[PDB]
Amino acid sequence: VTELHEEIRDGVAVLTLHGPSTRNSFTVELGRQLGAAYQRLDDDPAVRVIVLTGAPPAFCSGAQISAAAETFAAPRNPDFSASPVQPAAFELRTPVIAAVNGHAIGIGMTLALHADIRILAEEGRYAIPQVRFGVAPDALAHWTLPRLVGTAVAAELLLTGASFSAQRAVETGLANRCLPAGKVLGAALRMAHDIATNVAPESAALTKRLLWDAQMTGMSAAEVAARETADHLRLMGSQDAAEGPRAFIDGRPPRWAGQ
């Protein structure tokens, strides 16, 4: 069993993948719980940011290989899905930061690719090696990965299943930052608390949803430009648009109301 732990404090929810005996291996039940937690936390107005992390020393070692030799495609309803976490982090209004504190392999990595922002441990092993086991990348990696690193880096990681370093993840655009493992979660939390304190709630929600809706649906430039205008009318019609500059000029923290 890998459990999902949850703690909410001062506007930041931390979800921890907790399976010490298996380096937090992914399971079907863990995927069900993670999707349910994403939805509930997204809906909770008190939650400004979600941080996803693993019980040290790993983030998520992915599918249990020794336990996956006879996972036949049995006919059933509901059927199997290659997207075992729904909703995906990129479907939420709430920003999601993956504090990848150690090894992230297979679906451990492809689920981390759903987050807006990734901070990776320098000491971690990272790979998407599904094709070396006779299956294929999952959880939308065929779509998320080229949108980070371009098609060549994506093809190399998906077609060879090769391991890559935290440093190469930053160099190629997969990850935002790399740090020693013991510093990763703290950096993610500092970033999360800065969003919770200093970024307006509706500003974050509309910006995240336009960024990702445009990717998900293939919006044209004209369609994105029109939605920025419509989102601006929504934001400028709320007092938070006056509070941001007022608080800055006063030298005080903003008192966000949201809408």
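Numbers for residues come from their place in the sequence shown, where the first is 1.
Chemist: Averaging only over Cα atoms, indicate whether 87 to 95 or 67 to 75 has the higher B-factor in the PDB entry.
Modeler: Averaging CA B-factors over each stretch, the winner is 67 to 75.
Chemist: Comparing 172 to 180 with 139 to 147, which has the greater mean CA B-factor as deposited?
Modeler: In the deposited entry, the stretch with the higher C-alpha B-factor mean is 172 to 180.
Chemist: Quick one: which of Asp43, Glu202, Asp194, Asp231 has the biggest Cα B-factor according to the entry?
Modeler: The C-alpha B-factor peaks, among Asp43, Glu202, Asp194, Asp231, at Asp43.
Chemist: Going by what the PDB entry lists, where does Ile107 fall on CA B-factor within its chain: lowest, middle or highest third?
Modeler: Middle third, going by the recorded CA B-factors of the chain.
Chemist: Report the third (lowest, middle or highest) to which the CA temperature factor of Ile128 belongs, ranking only the modelled residues of the same chain.
Modeler: Lowest third - that is where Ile128 ends up once the chain's C-alpha B-factors are sorted.
Chemist: When the modelled residues of the chain are sorted by Cα temperature factor, does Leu52 land in the lowest, middle or highest third?
Modeler: Middle third.
Chemist: Going by the CA temperature factor in the PDB record, which third of the chain does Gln215 belong to: lowest, middle or highest?
Modeler: As the PDB entry reports it, the C-alpha B-factor of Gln215 lands in the lowest third of its chain.
Chemist: Please say which third, lowest, middle or highest, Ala82 falls into when its CA temperature factor is compared across its chain.
Modeler: Answer is middle: the recorded C-alpha B-factor places it there.
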